[PDB]
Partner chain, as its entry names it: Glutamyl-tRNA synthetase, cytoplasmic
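Read the single chain below, which is given as structure tokens and is the form solved without the partner chain.
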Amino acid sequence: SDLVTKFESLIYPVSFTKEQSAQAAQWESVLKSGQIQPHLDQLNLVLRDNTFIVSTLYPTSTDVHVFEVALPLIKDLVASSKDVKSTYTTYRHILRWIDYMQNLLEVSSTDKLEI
């Protein structure tokens, strides 16, 4: 009970690399500084070639944390978009991952995005 909360407060899969670790820290830093928007293009390029943000076989808390910020942001960019198709084309790989993550996390009708 005490043990468990302590356990789950411990350290990331054991095959996690130094690079995966640094990239998780880096995204957490962009989240903390509120710079996800100027990092969207990069997020999109990462997801082009990687199923999940830090190249895992399952989503990590890094996926979840970035998603919380990126979902309403992308929803907003579509809303404000001068041409929606151009917007969809510009963030294809984020949209793919948004579709995955919002289903995984059983997201609300009304906060969910189209697709």
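Numbering follows the first chain given and starts at 1.
Unmodelled stretch separating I11 from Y12: 1 to 3 residues (count of deposited-sequence residues without coordinates).
Looking at the C-alpha B-factors along this chain, the one for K85 belongs to the middle third. Remark: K32 belongs to the highest third of its chain, ranked by C-alpha B-factor as recorded. Residue-level temperature factors show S15 in the highest third of its chain, judged at the C-alpha atom. Among the modelled residues of its chain, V107 has a C-alpha B-factor that falls in the highest third, as given in the PDB entry. Ranked by Cα temperature factor within the chain, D76 sits in the highest third according to the deposited record.
Although it is not shown, the form solved in complex with the partner chain is what the next lines describe.
In the deposited complex, the partner chain stays beyond 4.5 Å of every heavy atom belonging to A79. In the deposited complex, the partner chain stays beyond 4.5 Å of every heavy atom belonging to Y12.
When the partner chain is considered in the deposited complex, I74 lies well away from it, no heavy atom lying within 4.5 Å. Proximity of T62 to the partner chain in the deposited complex: non-hydrogen atoms within 4.5 Å are absent; the residue sits far from the partner. Residues from 75-108 that approach the partner chain in the deposited complex with a non-hydrogen atom closer than or equal to 4.5 Å are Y88, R92, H93, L95, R96, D99, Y100, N103, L104, in the order they occur in the chain.
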